[PDB]
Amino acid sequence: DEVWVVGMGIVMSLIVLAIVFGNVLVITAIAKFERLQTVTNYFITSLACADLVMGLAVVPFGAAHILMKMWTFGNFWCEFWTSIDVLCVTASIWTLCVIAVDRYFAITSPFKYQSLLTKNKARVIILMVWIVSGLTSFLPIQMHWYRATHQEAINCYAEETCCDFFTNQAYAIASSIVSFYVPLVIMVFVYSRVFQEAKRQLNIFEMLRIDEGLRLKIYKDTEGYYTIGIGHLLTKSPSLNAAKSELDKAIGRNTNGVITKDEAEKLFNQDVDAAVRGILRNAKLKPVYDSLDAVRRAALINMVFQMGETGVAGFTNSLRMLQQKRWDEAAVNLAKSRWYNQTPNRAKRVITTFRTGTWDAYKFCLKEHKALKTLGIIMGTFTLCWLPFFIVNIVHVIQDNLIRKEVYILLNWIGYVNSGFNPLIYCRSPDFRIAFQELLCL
């Protein structure tokens, strides 16, 4: 009906604007902001370019084909539009596959969160991705290797008013495997390992940076004490000069209340070392430390770092339950203390770690780990949007009558909307948030 055409036109127009303005904002943020110029952000630029080309040259011509119920652009632009459409989908999943592999080599290296590729090498990878995917998309379509031999297809090719994607059963299987399924199986398997390595490689140093935080300026403790860096207490006295005196002496320099990232790490490596030293000295804490595994030993050091050797020793009943490998009974007594009431969010994480003996409580807490979850959402959404289309595409090869034309176009458009979702998912990263609000002048 008339109301269904007007309504569809408005919706389709807003989808185009969201994809164009959205991906324009992403590319501009990376190109101007110095901190956003990383190897990982170079692959995101490749992904944003494909979504922008999709919203300017693919989605507009596809919208006109639905509203007019005919093709008014000829047979040359039909085959060229189809070639660009495929190239955009092929390059996007292969770019997401390269990110999964690069993030694996980085997490398994001593650099931990830095790509082993240079900015010059990454530029070559992105260029190779587009050149190779450009050949597998344009050549089988322009050479007419895709064309079906049935009468309904031959008539559509000859007609200048028909641009319906009719393919031979050989092309539909070969082009789906190499363009979509091959990078998808690799991307899923490789990135499931990246999430595994990150959780497994968590230590006491990463644990306390989550609980205590990192501040290079003298701040106020939850108990009103003077603190600097990763939970390093300066003094109990309410004197900023005495707090500056304890800081200026410990480093042996003119601090003036401000310290560097290299200086804060130097103090932390000494505090953790002293926390382990205190346990071996204490006769009540030492036999508990020996009966605990690697994960649970870190949970005890965390308590000593916070409350002190004498403080933790006061949990006479809880320490006994930990020594007898009774985790849930120790957990109830630890909850019934002033420690749980002072820092509930921190104590909840330490007590759960004593119960499970895993890093389940510190899941995606670290800033470097949150960046891995963000990339994981991008890969997940892309799979959720394009999988129903490619599955129905393979089912159509087995049995032709089961899938209707109206079902095919609807599933293809779910994949089209995905080109406008990626810029919204980049708002998870604080670096992009500050860049987006600057470009929008907010």
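Heads up: residue numbers just count along the shown sequence, starting at 1. Under this definition, the rigid core comprises the largest set of C-alpha atoms superposing within 1.5 Å between the forms.
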Fitting on the core, do the C-alphas of 399-407 or of 382-390 deviate more in 5 other deposited structures of this protein? 399-407
Would you mind comparing 253-261 and 356-364 for me and telling me which has the higher average C-alpha temperature factor in the entry? 253-261
Stretch with the greater mean C-alpha B-factor as recorded in the entry, comparing 202-210 against 235-243: 235-243
Going by the entry, which third of its chain does the Cα temperature factor of residue 22 land in? lowest
Tertile call for residue 404 (CA temperature factor, within chain, third-based) is the highest
Ordered by C-alpha B-factor within the chain, which third holds residue 338? Give me lowest, middle or highest, please. highest
When the deposited Cα B-factors of this chain's modelled residues are ordered and cut into thirds, is residue 348 in the lowest, the middle or the highest one? lowest
Third of the chain's Cα B-factor distribution that residue 306 belongs to, per the entry: lowest
